[PDB]
Amino acid sequence: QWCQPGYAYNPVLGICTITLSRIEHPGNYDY
């Protein structure tokens, strides 16, 4: 299941969903 940036495959829903990292995680995507 290919997922787009800021999203992550969701084997519980059937598609990709926004990851919590997108919310507030400067360290995750500090760049």
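To match Swiss-Prot, the residue numbers of chain A are left as they are there, and the shown ones run 68-98.
Cβ from N, Cα, C; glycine included.
Residues or ranges marked as pyrrolidone carboxylic acid by Swiss-Prot: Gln68. Annotation comment: Swiss-Prot describes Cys70-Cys83 as disulfide bond.
Long-range Cβ proximity for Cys83 (disulfide bond), meaning a same-chain Cβ under 8 A and a gap of 6 or more residues, is found for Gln68, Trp69, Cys70, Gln71, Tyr74, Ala75, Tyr76, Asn77. Of all the recorded positions given, namely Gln68, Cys70, the one with the smallest number of surrounding CB atoms inside 10 A is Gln68. The secondary structure of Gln68 (pyrrolidone carboxylic acid), as reduced to three states from DSSP, is coil rather than helix or strand. Under the DSSP three-state reduction, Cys83 (disulfide bond) is assigned to strand.
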